[PDB]
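*Asks:* Got a structure for you, written out below as structure tokens; questions coming shortly.
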Amino acid sequence: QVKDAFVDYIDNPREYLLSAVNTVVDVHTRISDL
Amino acid sequence: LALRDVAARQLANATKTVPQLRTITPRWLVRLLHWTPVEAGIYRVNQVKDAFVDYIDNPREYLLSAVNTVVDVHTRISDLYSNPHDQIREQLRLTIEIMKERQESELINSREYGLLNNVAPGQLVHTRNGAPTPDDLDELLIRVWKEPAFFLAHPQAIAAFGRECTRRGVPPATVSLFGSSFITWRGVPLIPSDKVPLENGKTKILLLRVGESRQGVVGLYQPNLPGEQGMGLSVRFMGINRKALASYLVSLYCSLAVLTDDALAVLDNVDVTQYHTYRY
Amino acid sequence: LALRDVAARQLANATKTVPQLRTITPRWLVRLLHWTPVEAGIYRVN
């Protein structure tokens, strides 16, 4: 970002870290086989 | 007043290196040995008895040993942070480096196989004064007079031998191998290895003849493996657990056989802490 | 005196068989029945 918008930039810009969400899906092998 | 350096640096990429491991050694011994494949993990060494020609009825059999390591990587760490360096690739790379260091240490120091334990009586020499003088290395060269290949010693033992040579008038000759320089005595080079034990001084020096055709020392590996990332090495995917940890199995199969008993000699009780005072 | 039989046998391969299981039977009934496939595990006999 431009600071206080010479042209200066802020020295501590925000960084966005992607988050992970998980789900375990369990299926019996006889249910899928039959 | 103009743009700052830190503010401008916020827009710049850093050049990131792969992680550096300080315990990586050149591992000369593994490079110097000859490796023979063992088709199904058993290696029988037959011998002439009391060398008509008779054979011994109970030859020694070498069973290849397996060592394993489980490498766990979170799936979010490999999914998110794999640019420009693959996370799993580096994790397995460092694991395999550590495992090969352990493999060299076991080629020297194992209790089942391993040079320092499989040395025949009469092939063991002792130092006369404690420091590794040229006479001790000449004794070793007497024991393995046939076709010696190299000496194996701790780098501090090599420095002690050099100091003994400098006390005499002898500058030992030097040779270049693998782009590196080594000290030689009577044409047989001294190879460094920090895996040779050292306890309050008191290390050991080895002399080897290598090769299957010369009846020397040979290394043994398992030729065909699932995964098969190298000579006797395999990496296999184990699965993913309920916490999203992906696991990998790294397996290394190895052994070592001394074909005849005069292929290896050990100089024992070597002291590396002695320095000469030069007075003229 | 010459080379022995056991000493010479140390250099010979043995012919190893696959393990033998004595509980294997000819299982005639499975061979004699007719087998019909069931597409999704349910079979209704009207």
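*Asks:* Rg/Rh for region B:1-130 to two decimals, with Rh computed the Kirkwood way over all alpha-carbon pairs. Show your work: numbers first, answer last.
*Replies:* Values: Rg = 25.6 Å, Rh = 20.8 Å.
Ratio of gyration radius to Kirkwood radius for region B:1-130: 1.23.
*Asks:* Would you check the protein assembly as shown for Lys pairs whose C-alpha atoms are within less than 25 Å, ignoring same-chain pairs closer than 8 in sequence, and give me the count?
*Replies:* Numbers: B:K49/B:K146; B:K100/B:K195; B:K100/B:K204; B:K146/B:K204; B:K195/B:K204.
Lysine pairs meeting the criterion: 5.
*Asks:* Under a point-charge model restricted to the Cβ atoms of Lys and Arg (+1) and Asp and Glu (-1), what is the dipole moment magnitude of chain C relative to its Cα centre, in debye to the nearest 20?
*Replies:* Numbers: 7 positive and 2 negative charges, 29 e Å.
It comes to approximately 140 debye.
*Asks:* While we're here: Which one of B:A263, B:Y253, B:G227 has its Cα pushed farthest toward the positive end of the charge dipole of region B:203-280, where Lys and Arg give +1 and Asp and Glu give -1 at the Cβ?
*Replies:* It is B:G227.
*Asks:* Region B:2-41 to region B:52-117: how many Å between their Cα centroids?
*Replies:* Centre-to-centre distance over Cα atoms comes out at 19 Å.
*Asks:* About its Cα centre, what dipole magnitude does chain B give when the only charges are +1 on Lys and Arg Cβ and -1 on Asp and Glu Cβ, stated in debye to the nearest 20? Numbers along the way, then the final one.
*Replies:* Working: 31 positive and 29 negative charges, 214 e Å.
Value, rounded to 20: 1020 debye.
*Asks:* Given +1 on the Cβ of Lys and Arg, -1 on the Cβ of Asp and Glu, and no further charges, what dipole in debye does region B:183-239 carry about its Cα centre, rounded to the nearest 20?
*Replies:* 240 debye
*Asks:* Need one number: the % of Cα-Cα pairs in region B:111-218 sitting beyond the 18 Å mark. Show your work: numbers first, answer last.
*Replies:* Details: 2899 of 5778 pairs.
Value for region B:111-218 (Cα pairs over 18 Å): 50 percent.
All of the numbers you see were taken from the coordinates with simple rules; none came from a lab. Backbone-built Cβ (ideal geometry, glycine too); neighbour counts: all protein chains shown.
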